[PDB]
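So here's one chain in two forms, each on its own in structure tokens, numbered structure 1 and structure 2.
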Structure 1
């Protein structure tokens, strides 16, 4: 006859912005149309006009109502624009009611899809920052009393028992200007090399802020109809890999901290191979005998780093990679975020000791690698990672001694600047530093990791490109130029003064 019931007042989801207030995810009013079927069933002459307005076949529409005749609630359509919800309401069909809902719009679309993420049908986080800060963004549903007749018809609008609590604004650490650049250059690099995937992370070495995170492939999160799982993967945070030679700078920090090695020390890498039981450590270029520690990094000698590893022990190298966060929790609390793995031993056999030293048998992500490189560039101090704007920087942890970190920084500027090094990584007007890699996954993963300006580091960057299909596949040929192009732009967009001066 008369029953009081309660309907949910859905809340506004919080505005996401970039670090400078550029909107990245904006809650847009939509209209969900619902029908009371037992009510519809006394205005059957209206159904054809409604079916046609909802773009439905007349008999399919009528069978639907006639099927659910005993029900008092069916959805007609969720999430129409107001201008098409209202056009249906305008037919005045007895028992057709409307709900002002919210649906997300992403003004930057595919450029920042993986980082900002995606909302499900109920407007809840499903991916990236939407899933991570879902509780902060979500607000809380309101609650409204409704007097209902014995047919399921709304007798009245009684009195809201609770108010909708709207979710809060979130400013990302991401700089849309650097994100756009990182997106564009990584996309050009994929198509130019005919590669399958790629990731590029830009970090602030002083604050722990992620300034850009892009992956190929990506997707338009405004196109809800054809989600392909592959193109929605935030590769930077969920796709693990062996970092290969890009961990050699950590093996070297272990060596310089041991008390057993200085940069002017020599290793004999003749004849470019080294047998270790039934495994052969192999150098790409094999016309070397004596190399200085700096030369081992410039030539990327696997034998060279392996010999240093046999002398200092795997434990010292494991402990550096552990301290800088390789295969360790990032703390970022993105669900489904993979941590990869750092293998441990009580007794390190010779083979595992060598492969660790040149980055095999560990699995890391592009965000971990960028974070280790940020700790090296910021004088051996690791600042906690952040995907939201940092106004008050937390205390960092000293993970490599400042003198060792400074010495490895210099060796990495020679890797970029010296005869025979990775010249494609050179950032005109600046001193740049870092290290190439190329991992057998014949198909390859092309890596460059570094930071700039060398004289006072501000930015760390990782570029990873999976299976370039042109003739050049070395990280130094494929990823270095991307790091170069994006670094030139990123430093200039940050008004970092060019440091290649007298």
Structure 2
């Protein structure tokens, strides 16, 4: 008998870089050694020396080969360097053959780990960008017909196909400089507050581009041996959570659009509680009677935003939240990326109306929350999300009216820059705007939130900062996540050369 096998000619996997061409995932040539057990069996004397080369026990190596004595192909090792393979080749062991394979390295390392992801042993993507663009990155391999006599001799070897086409280069939306800023400051904030986890997303409000996406804890994907389950969670995309106060600005956008509310209008929130059946809504700050709409956001009055929700109805508040992407399919097409839940009750009762209004009644991801604020900074027009670079920007959906959007922008600039506002969130040199949040997890654990965008006069980037159960200080968003927002934004804006607008 003869043996007719088909053997693939590997395709150089497409380079991944950041938006500016800095290398993030590079396929470098390496050597994988393979053996023919039929040929190995005729030179047993050479086995132990080869076991030493592979760093394996002499007996086990011998046991493994004998067991596979009928087979014609087995792996010895995969992905040794060229010099590394030459040392094992120079033993001149009968039955030992080699091929040039490609293996993936990641020069940015842990700073972009969850975003970029990584590949299998076969050089196919199994996480992050590597997976969701695998077809783009893989290329089309070649094919060889190798004819052999069952003994160890090539009779015919011919390429029965076009030459292996390399994969396509992929520039991400991510700017590595911004990512590195995000990365370190999130990390700094965790140590400062003794928090167990965190996420920080940066978005380009005009282009739909994810300029940064960093999670904590992280991992070096180059060394994936002692991997903890929690370190590999892409939290920005997979940790769903109730946004709480951070969606109050969308409740207000539905109020302003109803035709029944202006910013100067007033709601009585005395005495900081609200009986609804047996359920009792409560504000944290209970030194208020009449607050205007900016006041409701500054004080973060759950009572105020519930009363407004009773006036206009839930249907309208839901509509704005659904259109801005909250609890909705994101489109990026990522592996196991969470969608959340924005229930559509159709006709809401009292309690549900309130709960949804102050953000307890839904669950979202950090990416969704960022995308939502991007629309609000973008004069109410949502431009589709993108993890890859967007040279030709796709036309965006106007989801909130331009004048309602401009009003709510002005309100969020007030929450940051007014008296008794979230002053820690201020970004020197620029007019900033945003909203703190503090969600209780259900011995009390808290998520510290802050969404926002800057500069006020012509918004460039939206930013979301999530810090998971801090403990070495306070826990409110205004205290914990506001200063992170401040620093990262202060640096992020200057790295892109955005002109100062507080002049």
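Positions refer to the first chain, counted from 1. Basically, rigid core = biggest C-alpha set you can superpose within 1.5 Å across the two forms.
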Residue showing a 2 Å-or-more C-alpha displacement between structures 1 and 2 once the rigid core is overlaid, selected from 332, 96, 399, 154: 154
Exceeds or equals 2 Å, Cα of residue 169 between structures 1 and 2, core fit: no
Distance the CA of residue 41 travels between structures 1 and 2 [rigid core superposed, Å]: 1.1
Per-residue C-alpha deviation between structures 1 and 2 [residue 471; rigid core superposition; Å]: 3.0
